[PDB]
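S.K.: Right, I'll just put the structure down here and ask away after.
Numbers and lists here come from the model and the stated rules, or from a named source; no laboratory instrument gave them. Because the Cβ atoms are built from the backbone with ideal geometry, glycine has one as well, and the counts that use them run over all protein chains shown.
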Number of protein chains: 2
Amino acid sequence: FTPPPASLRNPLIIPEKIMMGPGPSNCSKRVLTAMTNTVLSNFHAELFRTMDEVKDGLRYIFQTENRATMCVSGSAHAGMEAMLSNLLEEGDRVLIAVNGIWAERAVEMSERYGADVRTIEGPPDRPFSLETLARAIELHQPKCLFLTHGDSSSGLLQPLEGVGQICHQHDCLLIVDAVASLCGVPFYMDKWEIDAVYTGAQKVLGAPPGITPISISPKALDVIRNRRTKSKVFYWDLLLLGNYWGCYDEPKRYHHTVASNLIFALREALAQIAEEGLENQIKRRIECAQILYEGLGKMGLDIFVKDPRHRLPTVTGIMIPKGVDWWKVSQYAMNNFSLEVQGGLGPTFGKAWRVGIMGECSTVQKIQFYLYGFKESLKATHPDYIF
Amino acid sequence: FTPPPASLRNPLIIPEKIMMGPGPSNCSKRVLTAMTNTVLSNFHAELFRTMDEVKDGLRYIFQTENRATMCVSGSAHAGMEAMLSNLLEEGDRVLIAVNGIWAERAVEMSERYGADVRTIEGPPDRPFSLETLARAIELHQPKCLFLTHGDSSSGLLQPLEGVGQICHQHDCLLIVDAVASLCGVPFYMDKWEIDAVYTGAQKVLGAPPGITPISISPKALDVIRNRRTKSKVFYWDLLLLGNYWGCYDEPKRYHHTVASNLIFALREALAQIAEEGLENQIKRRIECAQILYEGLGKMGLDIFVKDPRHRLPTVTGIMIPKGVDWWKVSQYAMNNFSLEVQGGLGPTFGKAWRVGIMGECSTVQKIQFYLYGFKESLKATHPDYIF
Ligand SMILES: *Cc1c(COP(=O)(O)O)cnc(C)c1O
Ligand SMILES: *Cc1c(COP(=O)(O)O)cnc(C)c1O
Ligand SMILES: Nc1ccccc1C(=O)CCC(=O)O
Ligand SMILES: Nc1ccccc1C(=O)CCC(=O)O
């Protein structure tokens, strides 16, 4: 036996940080400690009980009644992978509206799954219009439309009202990525006639990463039932996964081992948002964004999505002013305040920082602190910047 | 906003259990509390530091020097998915030796990935001989051979010495599933000339489920670099994943958010097995299995793998005696001793219970307790059984 590594001899030390990037967010002490519960057998009654509480929690936050509501055992990417491998067969047409990094990933996945990918470009800072989409649908007769709802690479919030209805008219499924919007802005899976949605644990909910709530409509469920070939990935085949999640009128069968610890944590995160109520949580985040916009204005700082009406409240791009080294600000923030001041991604790469109003930092005091430590970080770091 | 569900208003209560099924196992308190550390950003220095300690710990337990050692973000199935999607292109020939449920799952996955699947059948209670495998390889000229090492559905341990060498002669990769064997029996990834291996967190290691250590050889890594088409699943594309895990001479790029909390837990589980040392851990499990076998004999009870030389120490099938209701015994064990007495799977389904010697229950006292509460459960539940 070639010797054990020395690096494992020190204890593990992870410092506390104020996670105000657009992910992952701070989880409440209650959510974090729920993770320390006993890992359960796939068929223990108490896991099933907890899994049911989660499905309820998910129906509340997605605002759906979908029986096929469950979690994929993976990060939000795996919700994306799941929607695409379940809903498309080789040669199917999928329409992706691309104006952010996520829609590009979707493009990358659909290609791999052997779908015939149709895209429309858009400015990273301006939503696609109802008509733009409608036109693209008629034009391509797709099986699915994929839309990013809240785009954490830009700060862009894509309106959704009416979009599904159009898709339905052209026999198309609406798939929406709500990873960065859910619990940050109104969302109505059912009213907005949306067929397949996913969020992420570690964004607005303030749950730990590695598990991804999803939901599909009876309509979508049926498209899967009627595939001519098995979907490509067994691990997130939704007939099989849905089965173990008790979404169908079938006895549950072992599929794969779920991450009990992550499921406990997610349950508590949903319990938190239930006790306070969706509406208040969304309100709280809107108000925090307002305070954020004011404080940024007052520093003569620019926001990537210029037009306020288009802004996702939970992620804001702050434009690096002309003279400034963005990374130097962040190091200062981290070292002096333990403040997470996140760089850019895709559209915002090298052009803005990104601030998240998520999880435990969605409070007035938390936004103030951010403003304070951000400013102090800029000031100490670029002494010639003018406010 | 349609009302919050009532189920979420009670506190979460998860009882302590003695988890002596063949998974998941009991995690030490240290491992469990590591999960309560701060969720880190994908680019925090301290996540990368931890990720490296993990890779070192993996090389130790796998006994490899592979640079391409990392984790998939999903349960062990996802490691299986990963090997198969990365190493196979449409039409490639894969040889799977099938004699347990896991090899069946590998069949299911390979079919979905559009491989041309070749199998050989074997009795669930007897390993595949070197000659049987060698003959099958010549016959089928496969690209990959898949073997289950330790089968948790039977308790069968498949010898591996010599297998890789044969595959190499015929230009074939050796893929091994070590989910149930690693840290329970000697395992030498490099000496045994194996090209791709995975284990699971929640089996022998005593780590929480949801993250899957894997390793690939330079030989396998190269097969992936030379594919004519992108692998079907972006999420566990190993060139991409390995990049983020800093397995290659490339700057790290964002791939997906990994599960910091599960990674913290795994790090501590590897630290634990490092401090005690492989050899000692394996010895402790062999002794425990011995005590198990004796006590089971003393009760007149039969083991599914009849020949002791073929047994996997970490999972033992206990045959249900003629008169007996297996589930009634299990309920009694749980209700009266908080003792997990798991039923069957695949080959053992309805035929046997399954006991695991894994994680925090790999001690002599724990085995004795199991024997005690098992016997008392049988006795109280089937008063006419004879010892
Ligand atoms: C227990 C076990 C598994 C289970 O996979 P999960 O996805 O973790 O449930 C897979 N392979 C083997 C050999 C096992 O023993
Ligand atoms: C943050 C985010 C992701 C990230 O996915 P992970 O796999 O959780 O890293 C995906 N989609 C959207 C819209 C996001 O905001
Ligand atoms: N917990 C479980 C509950 C039901 C079915 C399976 C499991 C497993 O953990 C799979 C590993 C095995 O049983 O061999
Ligand atoms: N922490 C990160 C660091 C780098 C890139 C991505 C992340 C993410 O958390 C998820 C995507 C995002 O919102 O940026």
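S.K.: Determine whether A:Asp190 is surrounded by fewer than 21 Cβ atoms within 10 Å (Cβ to Cβ), within 14 Å of chain B (Cβ to nearest Cβ), of a type in the set (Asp, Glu) and away from ligand 3 (no atom under 16 Å from the Cβ).
M.R.: yes
S.K.: Here are the criteria: (1) within 16 Å of ligand 4 (Cβ to nearest atom); (2) free of Cβ contacts under 8 Å to residues at least 12 places away in the same chain. Tell me which single one A:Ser154 does not satisfy.
M.R.: All conditions are met except number (2).
S.K.: What's the number of the condition B:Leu266 fails, among (1) surrounded by fewer than 23 Cβ atoms within 10 Å (Cβ to Cβ); (2) within 14 Å of another protein chain (Cβ to nearest Cβ); (3) under 21 Å from the mean Cα position of the chain (by Cα)?
M.R.: Failed condition: (1).
S.K.: I want to confirm something. Restricting to region B:302-340 and keeping residues that are of a type in the set (S, T, N, Q) and within 13 Å of another protein chain (Cβ to nearest Cβ), which single residue is farthest from ligand 3 (Cβ to nearest atom)?
M.R.: Checking each candidate, the answer is B:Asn335.
S.K.: Search region A:1-34 for residues being surrounded by fewer than 19 Cβ atoms within 10 Å (Cβ to Cβ) and hydrophobic (A, V, I, L, M, F, W, C), and hand back the single one that is farthest from A:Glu268 (Cα to Cα).
M.R.: Filtering first and then ranking leaves A:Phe1.
S.K.: Only one of (1) within 20 Å of B:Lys17 (Cα to Cα); (2) surrounded by 15 or more Cβ atoms within 10 Å (Cβ to Cβ); (3) over 21 Å from the mean Cα position of the chain (by Cα) is not met by B:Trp327, so which one is it?
M.R.: Unmet for B:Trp327, out of (1) within 20 Å of B:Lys17 (Cα to Cα); (2) surrounded by 15 or more Cβ atoms within 10 Å (Cβ to Cβ); (3) over 21 Å from the mean Cα position of the chain (by Cα): (2).
S.K.: Something else now. If A:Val233 meets every condition in (1) surrounded by 24 or more Cβ atoms within 10 Å (Cβ to Cβ); (2) closer than 30 Å to A:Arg285 by Cβ; (3) β-branched (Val, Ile, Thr) apart from one, which number is that one?
M.R.: Evaluating A:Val233 over (1) surrounded by 24 or more Cβ atoms within 10 Å (Cβ to Cβ); (2) closer than 30 Å to A:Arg285 by Cβ; (3) β-branched (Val, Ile, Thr) leaves (2) as the failure.
S.K.: Same structure, new question: Say whether the condition of being within 27 Å of B:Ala103 (Cα to Cα), free of Cβ contacts under 8 Å to residues at least 24 places away in the same chain, within 14 Å of chain A (Cβ to nearest Cβ) and in contact with a strand residue (DSSP E or B) (Cβ under 7 Å, 6 or more places away or on another chain) is met by at least one residue in region B:341-349.
M.R.: The answer is yes, given that some residue of region B:341-349 is within 27 Å of B:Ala103 (Cα to Cα), free of Cβ contacts under 8 Å to residues at least 24 places away in the same chain, within 14 Å of chain A (Cβ to nearest Cβ) and in contact with a strand residue (DSSP E or B) (Cβ under 7 Å, 6 or more places away or on another chain).
S.K.: Starting from residues that are more than 10 Å from chain A (Cβ to nearest Cβ) and in contact with a helix residue (DSSP H, G or I) (Cβ under 9 Å, 6 or more places away or on another chain), keep the ones in region B:59-84 and report whichever is nearest to A:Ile211 (Cα to Cα).
M.R.: B:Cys71
S.K.: Within region B:17-40, which residues are at the interface with chain A (Cβ under 7 Å from one of its Cβ atoms) and among the hydroxyl-bearing types (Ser, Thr, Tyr)?
M.R.: Residues satisfying the conditions are B:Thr33, B:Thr36, B:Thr38.
S.K.: While we're on this one: Can we say A:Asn37 is assigned to a loop (DSSP other than H, G, I, E, B), away from ligand 3 (no atom under 16 Å from the Cβ) and crowded, with 20+ Cβ neighbours inside 10 Å?
M.R.: Answer is no for this residue.
S.K.: Considering only region A:193-219, state which residues are away from ligand 4 (no atom under 16 Å from the Cβ), of a type outside the set (S, T, N, Q) and surrounded by 24 or more Cβ atoms within 10 Å (Cβ to Cβ).
M.R.: Scanning region A:193-219 gives A:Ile194, A:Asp195, A:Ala196, A:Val197, A:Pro213, A:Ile214, A:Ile216.
S.K.: Test of understanding: among A:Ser85, A:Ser75, which residue is more than 16 Å from ligand 4 (Cβ to nearest atom) and polar (S, T, N, Q)?
M.R.: Testing whether each residue is more than 16 Å from ligand 4 (Cβ to nearest atom) and polar (S, T, N, Q) leaves just A:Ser85.
S.K.: Could you list all residues from region B:85-112 that are over 24 Å from A:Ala259 (Cβ atoms), within 12 Å of another protein chain (Cβ to nearest Cβ) and buried (at least 24 other Cβ atoms within 10 Å of the Cβ)?
M.R.: Across region B:85-112, the qualifying residues are B:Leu88, B:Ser110.
S.K.: Between a first residue in region A:319-338 that is assigned by CATH to the domain that holds A:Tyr385 and a second residue that is part of a loop (DSSP other than H, G, I, E, B) and of a type in the set (A, V, I, L, M), which pairs have beta carbons less than 6 Å apart while being 6 or more apart in sequence or on different chains?
M.R.: A:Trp326/A:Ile320; A:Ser330/A:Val341; A:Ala333/A:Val341
S.K.: Just a yes or no: is a residue in region B:64-84 surrounded by fewer than 20 Cβ atoms within 10 Å (Cβ to Cβ) and more than 16 Å from ligand 3 (Cβ to nearest atom)?
M.R.: Yes, that holds for at least one residue.
S.K.: So, A:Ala196, is that one farther than 30 Å from A:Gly21 by Cα, touching a residue at least 12 places away in the same chain (Cβ under 8 Å), of a type in the set (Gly, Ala, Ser) and touching a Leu at 6+ places or on another chain (Cβ under 9 Å) or not? Lay out the reasoning, then the answer.
M.R.: Working: farther than 30 Å from A:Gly21 by Cα: no; touching a residue at least 12 places away in the same chain (Cβ under 8 Å): yes; of a type in the set (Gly, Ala, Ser): yes; touching a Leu at 6+ places or on another chain (Cβ under 9 Å): yes.
So A:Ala196 fails the test.
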